[PDB]
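Shown below: query-v2.cif, with mmCIF, C-alpha atoms.
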```cif
data_entry
#
loop_
_atom_site.label_atom_id
_atom_site.label_comp_id
_atom_site.auth_asym_id
_atom_site.auth_seq_id
_atom_site.Cartn_x
_atom_site.Cartn_y
_atom_site.Cartn_z
CA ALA A 1 60.03 38.39 -91.25
CA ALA A 2 59.52 42.03 -90.27
CA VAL A 3 57.33 42.84 -87.28
CA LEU A 4 56.62 46.41 -88.39
CA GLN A 5 54.85 45.49 -91.62
CA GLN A 6 52.51 43.43 -89.42
CA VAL A 7 51.32 46.32 -87.26
CA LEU A 8 51.26 49.13 -89.84
CA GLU A 9 50.18 49.36 -93.47
CA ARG A 10 52.44 49.76 -96.50
CA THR A 11 51.33 53.36 -96.86
CA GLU A 12 52.00 54.46 -93.29
CA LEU A 13 55.12 52.35 -92.82
CA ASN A 14 56.69 54.06 -95.81
CA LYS A 15 55.91 57.44 -94.23
CA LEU A 16 58.33 56.56 -91.43
CA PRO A 17 61.99 57.61 -91.78
CA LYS A 18 64.56 54.82 -92.11
CA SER A 19 66.02 55.70 -88.70
CA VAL A 20 62.60 55.58 -87.07
CA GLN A 21 61.78 52.24 -88.72
CA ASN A 22 65.14 50.82 -87.62
CA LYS A 23 64.54 51.79 -83.97
CA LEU A 24 61.02 50.35 -83.82
CA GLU A 25 61.98 47.07 -85.50
CA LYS A 26 65.02 46.81 -83.23
CA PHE A 27 62.84 47.16 -80.14
CA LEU A 28 60.02 44.97 -81.46
CA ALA A 29 62.59 42.30 -82.30
CA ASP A 30 64.05 42.39 -78.81
CA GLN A 31 60.58 41.95 -77.32
CA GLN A 32 60.01 38.92 -79.52
CA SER A 33 63.37 37.50 -78.44
CA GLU A 34 62.79 38.07 -74.71
CA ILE A 35 59.45 36.27 -74.99
CA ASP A 36 61.15 33.24 -76.53
CA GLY A 37 64.06 33.55 -74.12
CA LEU A 38 61.71 33.50 -71.16
CA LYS A 39 59.84 30.51 -72.56
CA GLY A 40 63.17 28.78 -73.16
CA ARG A 41 64.38 29.54 -69.65
CA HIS A 42 61.13 28.30 -68.12
CA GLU A 43 61.42 24.85 -69.66
CA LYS A 44 65.05 24.44 -68.56
CA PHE A 45 63.93 25.18 -65.00
CA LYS A 46 60.87 22.96 -65.30
CA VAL A 47 62.75 19.84 -66.36
CA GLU A 48 65.45 20.51 -63.75
CA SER A 49 62.89 20.90 -60.96
CA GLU A 50 60.93 17.77 -61.88
CA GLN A 51 64.18 15.84 -62.29
CA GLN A 52 65.37 16.86 -58.83
CA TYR A 53 61.98 16.13 -57.30
CA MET A 54 61.91 12.57 -58.64
CA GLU A 55 65.32 11.72 -57.28
CA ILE A 56 64.78 13.09 -53.79
CA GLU A 57 61.41 11.32 -53.69
CA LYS A 58 63.43 8.19 -54.45
CA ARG A 59 65.69 8.78 -51.43
CA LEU A 60 62.66 9.15 -49.16
CA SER A 61 61.20 5.88 -50.43
CA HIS A 62 64.49 4.10 -49.68
CA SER A 63 64.77 5.73 -46.26
CA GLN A 64 61.24 4.68 -45.32
CA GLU A 65 61.92 1.07 -46.34
CA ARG A 66 65.23 1.01 -44.45
CA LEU A 67 63.45 2.30 -41.34
CA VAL A 68 60.81 -0.42 -41.60
CA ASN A 69 63.51 -3.10 -41.66
CA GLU A 70 65.55 -1.61 -38.81
CA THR A 71 62.43 -1.37 -36.65
CA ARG A 72 61.74 -5.03 -37.44
CA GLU A 73 65.30 -6.01 -36.47
CA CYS A 74 65.02 -4.06 -33.21
CA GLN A 75 61.88 -5.95 -32.25
CA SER A 76 63.45 -9.31 -33.10
CA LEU A 77 66.44 -8.50 -30.92
CA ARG A 78 64.29 -7.41 -27.99
CA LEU A 79 62.50 -10.76 -28.03
CA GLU A 80 65.66 -12.89 -27.96
CA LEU A 81 67.06 -10.64 -25.24
CA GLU A 82 63.96 -11.23 -23.11
CA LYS A 83 64.15 -14.99 -23.63
CA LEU A 84 67.89 -15.19 -22.91
CA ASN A 85 67.63 -12.99 -19.81
CA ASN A 86 65.20 -15.56 -18.40
CA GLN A 87 67.59 -18.31 -19.47
CA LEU A 88 70.42 -16.55 -17.67
CA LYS A 89 68.49 -15.89 -14.46
CA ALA A 90 67.77 -19.60 -14.10
CA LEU A 91 71.38 -20.46 -14.94
CA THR A 92 72.62 -18.05 -12.27
CA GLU A 93 70.26 -19.56 -9.69
CA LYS A 94 71.44 -23.06 -10.54
CA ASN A 95 75.04 -21.84 -10.31
CA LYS A 96 74.70 -20.12 -6.95
CA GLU A 97 73.09 -23.25 -5.53
CA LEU A 98 76.05 -25.23 -6.86
CA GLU A 99 78.16 -22.70 -4.98
CA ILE A 100 76.23 -23.55 -1.82
CA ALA A 101 76.86 -27.25 -2.45
CA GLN A 102 80.56 -26.67 -3.01
CA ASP A 103 80.97 -24.78 0.26
CA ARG A 104 79.07 -27.51 2.12
CA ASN A 105 81.47 -30.13 0.78
CA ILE A 106 84.43 -27.91 1.63
CA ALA A 107 83.08 -27.59 5.18
CA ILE A 108 82.50 -31.32 5.55
CA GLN A 109 85.90 -32.34 4.19
CA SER A 110 87.71 -29.83 6.39
CA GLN A 111 85.89 -31.16 9.45
CA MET A 112 86.59 -34.81 8.69
CA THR A 113 90.24 -33.84 8.36
CA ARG A 114 90.00 -32.23 11.79
CA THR A 115 88.66 -35.49 13.23
CA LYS A 116 91.36 -37.54 11.48
CA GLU A 117 94.04 -35.51 13.22
CA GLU A 118 92.16 -36.00 16.51
CA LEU A 119 92.15 -39.78 16.05
CA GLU A 120 95.78 -39.40 15.04
CA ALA A 121 96.72 -37.56 18.21
CA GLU A 122 94.77 -39.92 20.47
CA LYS A 123 96.46 -42.93 18.87
CA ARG A 124 99.91 -41.47 19.57
CA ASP A 125 99.06 -41.06 23.23
CA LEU A 126 97.86 -44.67 23.52
CA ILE A 127 100.97 -45.86 21.66
CA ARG A 128 103.26 -43.85 23.92
CA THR A 129 101.43 -45.36 26.88
CA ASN A 130 101.76 -48.80 25.31
CA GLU A 131 105.56 -48.75 24.98
CA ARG A 132 105.92 -47.39 28.53
CA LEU A 133 103.88 -50.29 29.94
CA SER A 134 105.83 -52.67 27.69
CA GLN A 135 109.11 -51.43 29.16
CA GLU A 136 107.81 -51.62 32.75
CA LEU A 137 106.93 -55.21 31.94
CA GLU A 138 110.52 -55.96 30.96
CA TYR A 139 111.78 -55.09 34.46
CA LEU A 140 109.36 -57.47 36.14
CA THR A 141 110.43 -60.43 34.00
CA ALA B 1 53.93 55.07 -72.48
CA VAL B 2 56.02 52.60 -74.50
CA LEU B 3 56.59 54.74 -77.63
CA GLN B 4 58.73 57.03 -75.48
CA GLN B 5 61.19 54.25 -74.71
CA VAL B 6 61.74 53.54 -78.41
CA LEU B 7 61.80 57.03 -80.00
CA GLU B 8 62.89 60.49 -78.87
CA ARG B 9 60.31 63.26 -78.29
CA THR B 10 60.83 65.26 -81.48
CA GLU B 11 60.48 62.33 -83.89
CA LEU B 12 57.55 60.57 -82.19
CA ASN B 13 55.41 63.71 -82.29
CA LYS B 14 55.97 63.68 -86.05
CA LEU B 15 53.94 60.47 -86.30
CA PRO B 16 50.19 60.66 -86.98
CA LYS B 17 47.89 59.84 -84.06
CA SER B 18 46.46 56.70 -85.63
CA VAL B 19 49.97 55.40 -86.28
CA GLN B 20 51.02 56.21 -82.70
CA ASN B 21 47.96 54.39 -81.33
CA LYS B 22 48.66 51.36 -83.52
CA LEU B 23 52.28 51.02 -82.41
CA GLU B 24 51.50 51.85 -78.79
CA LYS B 25 48.82 49.16 -78.60
CA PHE B 26 51.12 46.52 -80.07
CA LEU B 27 54.08 47.47 -77.90
CA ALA B 28 51.86 47.16 -74.82
CA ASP B 29 50.46 43.78 -75.88
CA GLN B 30 54.00 42.38 -76.05
CA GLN B 31 55.09 43.90 -72.75
CA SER B 32 51.90 42.55 -71.24
CA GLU B 33 52.91 39.14 -72.57
CA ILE B 34 56.47 39.48 -71.22
CA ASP B 35 55.39 40.58 -67.74
CA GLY B 36 52.95 37.68 -67.90
CA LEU B 37 55.71 35.17 -68.57
CA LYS B 38 57.84 36.64 -65.80
CA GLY B 39 54.95 36.41 -63.34
CA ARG B 40 54.28 32.84 -64.49
CA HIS B 41 57.89 31.81 -63.97
CA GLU B 42 58.21 33.48 -60.56
CA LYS B 43 55.17 31.70 -59.14
CA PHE B 44 56.27 28.37 -60.61
CA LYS B 45 59.70 28.85 -59.08
CA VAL B 46 58.15 29.61 -55.68
CA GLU B 47 55.85 26.58 -55.81
CA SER B 48 58.66 24.33 -57.05
CA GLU B 49 60.98 25.28 -54.19
CA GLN B 50 58.28 24.94 -51.53
CA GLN B 51 57.33 21.47 -52.79
CA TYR B 52 61.02 20.52 -52.65
CA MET B 53 61.47 22.12 -49.24
CA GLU B 54 58.60 20.14 -47.72
CA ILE B 55 59.68 16.70 -48.90
CA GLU B 56 63.24 17.58 -47.88
CA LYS B 57 61.99 18.03 -44.32
CA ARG B 58 60.16 14.71 -44.69
CA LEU B 59 63.38 12.99 -45.74
CA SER B 60 65.40 14.76 -43.04
CA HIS B 61 62.83 13.67 -40.45
CA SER B 62 62.93 10.10 -41.80
CA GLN B 63 66.72 9.90 -41.91
CA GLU B 64 66.94 11.17 -38.33
CA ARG B 65 64.61 8.38 -37.23
CA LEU B 66 66.61 5.86 -39.25
CA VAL B 67 69.70 7.03 -37.36
CA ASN B 68 67.88 6.72 -34.03
CA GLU B 69 66.63 3.22 -34.84
CA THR B 70 69.96 1.99 -36.18
CA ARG B 71 71.76 3.02 -32.99
CA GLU B 72 69.18 1.31 -30.78
CA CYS B 73 69.41 -1.80 -32.95
CA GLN B 74 73.21 -1.76 -32.78
CA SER B 75 73.08 -1.32 -29.01
CA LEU B 76 70.58 -4.20 -28.87
CA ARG B 77 72.99 -6.55 -30.61
CA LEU B 78 75.56 -5.19 -28.20
CA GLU B 79 73.45 -6.19 -25.21
CA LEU B 80 72.74 -9.57 -26.80
CA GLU B 81 76.40 -10.35 -27.44
CA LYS B 82 77.45 -9.68 -23.85
CA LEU B 83 74.48 -11.76 -22.71
CA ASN B 84 75.38 -14.72 -24.93
CA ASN B 85 78.92 -14.74 -23.53
CA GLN B 86 77.53 -14.77 -19.99
CA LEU B 87 75.48 -17.87 -20.77
CA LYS B 88 78.43 -19.63 -22.41
CA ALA B 89 80.80 -18.87 -19.53
CA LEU B 90 78.23 -19.90 -16.92
CA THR B 91 77.53 -23.25 -18.59
CA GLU B 92 81.26 -23.98 -18.53
CA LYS B 93 81.51 -23.02 -14.85
CA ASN B 94 78.42 -25.02 -13.90
CA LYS B 95 79.88 -28.00 -15.73
CA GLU B 96 83.07 -27.81 -13.70
CA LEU B 97 81.19 -27.38 -10.41
CA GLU B 98 79.22 -30.57 -11.12
CA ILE B 99 82.43 -32.50 -11.82
CA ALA B 100 83.99 -31.20 -8.60
CA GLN B 101 80.87 -32.11 -6.63
CA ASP B 102 81.06 -35.69 -7.89
CA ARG B 103 84.77 -35.88 -7.09
CA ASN B 104 84.11 -34.40 -3.63
CA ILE B 105 81.61 -37.13 -2.70
CA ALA B 106 84.18 -39.76 -3.74
CA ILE B 107 86.70 -38.15 -1.39
CA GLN B 108 84.20 -38.07 1.47
CA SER B 109 83.50 -41.79 1.17
CA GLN B 110 87.28 -42.31 1.15
CA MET B 111 87.78 -40.21 4.29
CA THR B 112 85.02 -42.21 5.97
CA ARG B 113 86.98 -45.39 5.33
CA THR B 114 90.14 -44.00 6.89
CA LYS B 115 88.13 -42.86 9.92
CA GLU B 116 86.61 -46.28 10.62
CA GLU B 117 90.03 -47.83 10.09
CA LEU B 118 91.64 -45.46 12.60
CA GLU B 119 88.88 -46.04 15.15
CA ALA B 120 89.49 -49.78 14.81
CA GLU B 121 93.18 -49.33 15.44
CA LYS B 122 92.43 -47.13 18.44
CA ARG B 123 89.99 -49.70 19.83
CA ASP B 124 92.67 -52.38 19.61
CA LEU B 125 95.26 -50.06 21.18
CA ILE B 126 92.93 -49.70 24.16
CA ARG B 127 92.50 -53.47 24.30
CA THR B 128 96.24 -54.16 24.34
CA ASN B 129 96.86 -51.39 26.88
CA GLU B 130 94.23 -52.77 29.27
CA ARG B 131 95.70 -56.27 28.90
CA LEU B 132 99.16 -54.86 29.64
CA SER B 133 97.86 -53.05 32.72
CA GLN B 134 96.26 -56.10 34.31
CA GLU B 135 99.48 -58.01 33.63
CA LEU B 136 101.47 -55.40 35.52
CA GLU B 137 99.01 -55.67 38.42
CA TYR B 138 99.62 -59.43 38.55
CA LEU B 139 103.40 -59.00 38.61
CA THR B 140 103.41 -56.20 41.20
#
```
Now that the file is in, can you turn its structure into structure tokens?
Amino acid sequence: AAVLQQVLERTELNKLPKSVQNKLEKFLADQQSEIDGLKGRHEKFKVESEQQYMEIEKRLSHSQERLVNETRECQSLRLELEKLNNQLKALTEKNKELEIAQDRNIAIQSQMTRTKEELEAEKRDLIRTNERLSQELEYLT
Amino acid sequence: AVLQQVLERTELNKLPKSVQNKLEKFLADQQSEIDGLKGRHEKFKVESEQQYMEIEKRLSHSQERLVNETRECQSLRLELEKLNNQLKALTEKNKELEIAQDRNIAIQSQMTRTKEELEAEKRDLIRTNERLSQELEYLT
């Protein structure tokens, strides 16, 4: 599993001191490990990124759909508001002309009460005159 | 270049030139591969974050507009509720006005009766008072 026997031959590898071989293999090993470590790290990031991207793309999809519905509800409300505002305007007009009618009746009834009291007063005067003439008639008989 | 990072000066000069070239080439190939992986990862990271950043703005923009639309919709129901209560209360009031109007006419026809009746009593009062006057004349 040695990296050094790959690069050099058996004749020139054996010409290297133990110490020297140990240093080279140590460093060549570390380079092999970093390569695999980088490739390992890249995949962990890759799956994490793609995973996060899917889920936030999901949220957008839901948001879009919710907006479409809300916009549709707004428009439905605006229509029934417009229809009811016309309903109300006509109901106000009908009301304020019923107000007019009420005041007319209140005026009429108040006036006819005024006349009643006039007929009342005039009757009292004729009655008072009546009894006075009645009494003057009792002297002359 | 690279053979200096592995071995000290006095022991690396003890290696033949062909051996030095063979190690040096290999060491460089691996470092070239490492720096390649690092470059690869850095650019992928930068693309990955930008792609996420963009759609995040797209969501943020969409959620803001969902908030705007929800408020308007809520306020629209609000307007429609107050308006429905106006209608309801006005129908009730109009109903009562109609009933009062009908009742008022009944009263007016009643007051007319009392008027005619009083005028008839007054007319008779004038008749008896004239009769009484001419009778006084006769007696004095």
Would you write out, as a PyMOL selection string, every residue that the PyMOL selection byres ((chain B) within 7 of (chain A)) captures in this file?
chain B and resi 6+22-23+30+34+37+41+48+52+59+62-63+66+69-70+73+76-77+80+87+94+97+101+104+108+115+118+122+125+129+132+136+139
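Nearest to residue 103 (chain A) of all the residues B:100, B:83, B:56, B:109 is B:100, counting all atoms listed in the file.
Rounded to one decimal, CA of residue 110 (chain B) and CA of residue 107 (chain A) lie 15.8 Å from each other.
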Length of the CA of residue 17 (chain B) to CA of residue 33 (chain A) vector [Å]
27.8 Å
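Closest to residue 14 (chain A) among B:50, B:33, B:99, B:19 is B:19, based on all atoms listed in the file.
CA of residue 103 (chain B) sits 19.9 Å away from CA of residue 90 (chain B).
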Filled-in N, CA, C and O atoms of region 64-85 of chain A, supplied as a PDB file, keeping the file's coordinate frame:
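And here is the file that came out, result-v5.pdb:
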```pdb
ATOM      1  N   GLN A  64      62.414   5.262 -45.956  1.00  0.00           N
ATOM      2  CA  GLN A  64      61.240   4.680 -45.320  1.00  0.00           C
ATOM      3  C   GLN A  64      61.378   3.170 -45.184  1.00  0.00           C
ATOM      4  O   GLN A  64      61.157   2.607 -44.109  1.00  0.00           O
ATOM      5  N   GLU A  65      61.754   2.524 -46.286  1.00  0.00           N
ATOM      6  CA  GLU A  65      61.920   1.070 -46.340  1.00  0.00           C
ATOM      7  C   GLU A  65      63.029   0.590 -45.404  1.00  0.00           C
ATOM      8  O   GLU A  65      62.893  -0.439 -44.747  1.00  0.00           O
ATOM      9  N   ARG A  66      64.124   1.341 -45.340  1.00  0.00           N
ATOM     10  CA  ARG A  66      65.230   1.010 -44.450  1.00  0.00           C
ATOM     11  C   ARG A  66      64.810   1.128 -42.984  1.00  0.00           C
ATOM     12  O   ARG A  66      65.245   0.347 -42.141  1.00  0.00           O
ATOM     13  N   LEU A  67      63.961   2.105 -42.692  1.00  0.00           N
ATOM     14  CA  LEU A  67      63.450   2.300 -41.340  1.00  0.00           C
ATOM     15  C   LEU A  67      62.551   1.142 -40.927  1.00  0.00           C
ATOM     16  O   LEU A  67      62.612   0.668 -39.787  1.00  0.00           O
ATOM     17  N   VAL A  68      61.715   0.690 -41.859  1.00  0.00           N
ATOM     18  CA  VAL A  68      60.810  -0.420 -41.600  1.00  0.00           C
ATOM     19  C   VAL A  68      61.575  -1.694 -41.240  1.00  0.00           C
ATOM     20  O   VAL A  68      61.178  -2.431 -40.338  1.00  0.00           O
ATOM     21  N   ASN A  69      62.686  -1.934 -41.931  1.00  0.00           N
ATOM     22  CA  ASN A  69      63.510  -3.100 -41.660  1.00  0.00           C
ATOM     23  C   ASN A  69      64.240  -3.006 -40.324  1.00  0.00           C
ATOM     24  O   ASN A  69      64.289  -3.973 -39.563  1.00  0.00           O
ATOM     25  N   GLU A  70      64.810  -1.837 -40.051  1.00  0.00           N
ATOM     26  CA  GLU A  70      65.550  -1.610 -38.810  1.00  0.00           C
ATOM     27  C   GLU A  70      64.640  -1.761 -37.598  1.00  0.00           C
ATOM     28  O   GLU A  70      65.042  -2.325 -36.578  1.00  0.00           O
ATOM     29  N   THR A  71      63.418  -1.251 -37.716  1.00  0.00           N
ATOM     30  CA  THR A  71      62.430  -1.370 -36.650  1.00  0.00           C
ATOM     31  C   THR A  71      62.091  -2.840 -36.413  1.00  0.00           C
ATOM     32  O   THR A  71      61.875  -3.264 -35.277  1.00  0.00           O
ATOM     33  N   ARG A  72      62.064  -3.609 -37.495  1.00  0.00           N
ATOM     34  CA  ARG A  72      61.740  -5.030 -37.440  1.00  0.00           C
ATOM     35  C   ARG A  72      62.884  -5.820 -36.799  1.00  0.00           C
ATOM     36  O   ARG A  72      62.650  -6.799 -36.084  1.00  0.00           O
ATOM     37  N   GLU A  73      64.113  -5.384 -37.057  1.00  0.00           N
ATOM     38  CA  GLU A  73      65.300  -6.010 -36.470  1.00  0.00           C
ATOM     39  C   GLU A  73      65.397  -5.698 -34.980  1.00  0.00           C
ATOM     40  O   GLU A  73      65.766  -6.561 -34.180  1.00  0.00           O
ATOM     41  N   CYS A  74      65.072  -4.461 -34.613  1.00  0.00           N
ATOM     42  CA  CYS A  74      65.020  -4.060 -33.210  1.00  0.00           C
ATOM     43  C   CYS A  74      64.089  -4.958 -32.413  1.00  0.00           C
ATOM     44  O   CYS A  74      64.452  -5.465 -31.352  1.00  0.00           O
ATOM     45  N   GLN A  75      62.886  -5.153 -32.938  1.00  0.00           N
ATOM     46  CA  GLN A  75      61.880  -5.950 -32.250  1.00  0.00           C
ATOM     47  C   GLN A  75      62.280  -7.420 -32.145  1.00  0.00           C
ATOM     48  O   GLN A  75      61.940  -8.083 -31.166  1.00  0.00           O
ATOM     49  N   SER A  76      63.006  -7.925 -33.138  1.00  0.00           N
ATOM     50  CA  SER A  76      63.450  -9.310 -33.100  1.00  0.00           C
ATOM     51  C   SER A  76      64.540  -9.504 -32.061  1.00  0.00           C
ATOM     52  O   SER A  76      64.613 -10.543 -31.404  1.00  0.00           O
ATOM     53  N   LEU A  77      65.382  -8.488 -31.916  1.00  0.00           N
ATOM     54  CA  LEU A  77      66.440  -8.500 -30.920  1.00  0.00           C
ATOM     55  C   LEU A  77      65.887  -8.419 -29.503  1.00  0.00           C
ATOM     56  O   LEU A  77      66.366  -9.093 -28.598  1.00  0.00           O
ATOM     57  N   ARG A  78      64.871  -7.585 -29.313  1.00  0.00           N
ATOM     58  CA  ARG A  78      64.290  -7.410 -27.990  1.00  0.00           C
ATOM     59  C   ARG A  78      63.678  -8.707 -27.486  1.00  0.00           C
ATOM     60  O   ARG A  78      63.737  -9.007 -26.295  1.00  0.00           O
ATOM     61  N   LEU A  79      63.110  -9.486 -28.401  1.00  0.00           N
ATOM     62  CA  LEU A  79      62.500 -10.760 -28.030  1.00  0.00           C
ATOM     63  C   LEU A  79      63.546 -11.777 -27.581  1.00  0.00           C
ATOM     64  O   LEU A  79      63.353 -12.449 -26.568  1.00  0.00           O
ATOM     65  N   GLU A  80      64.647 -11.901 -28.320  1.00  0.00           N
ATOM     66  CA  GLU A  80      65.660 -12.890 -27.960  1.00  0.00           C
ATOM     67  C   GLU A  80      66.426 -12.449 -26.719  1.00  0.00           C
ATOM     68  O   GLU A  80      66.947 -13.282 -25.978  1.00  0.00           O
ATOM     69  N   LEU A  81      66.480 -11.143 -26.480  1.00  0.00           N
ATOM     70  CA  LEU A  81      67.060 -10.640 -25.240  1.00  0.00           C
ATOM     71  C   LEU A  81      66.202 -11.040 -24.048  1.00  0.00           C
ATOM     72  O   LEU A  81      66.724 -11.496 -23.029  1.00  0.00           O
ATOM     73  N   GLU A  82      64.887 -10.884 -24.183  1.00  0.00           N
ATOM     74  CA  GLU A  82      63.960 -11.230 -23.110  1.00  0.00           C
ATOM     75  C   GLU A  82      64.003 -12.721 -22.794  1.00  0.00           C
ATOM     76  O   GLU A  82      63.976 -13.117 -21.630  1.00  0.00           O
ATOM     77  N   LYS A  83      64.077 -13.549 -23.831  1.00  0.00           N
ATOM     78  CA  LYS A  83      64.150 -14.990 -23.630  1.00  0.00           C
ATOM     79  C   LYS A  83      65.474 -15.409 -22.995  1.00  0.00           C
ATOM     80  O   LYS A  83      65.496 -16.255 -22.104  1.00  0.00           O
ATOM     81  N   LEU A  84      66.578 -14.810 -23.434  1.00  0.00           N
ATOM     82  CA  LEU A  84      67.890 -15.190 -22.910  1.00  0.00           C
ATOM     83  C   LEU A  84      68.109 -14.680 -21.486  1.00  0.00           C
ATOM     84  O   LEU A  84      68.799 -15.324 -20.692  1.00  0.00           O
ATOM     85  N   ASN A  85      67.532 -13.525 -21.166  1.00  0.00           N
ATOM     86  CA  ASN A  85      67.630 -12.990 -19.810  1.00  0.00           C
ATOM     87  C   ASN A  85      66.944 -13.912 -18.804  1.00  0.00           C
ATOM     88  O   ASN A  85      67.377 -14.019 -17.657  1.00  0.00           O
TER      89      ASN A  85
END
```
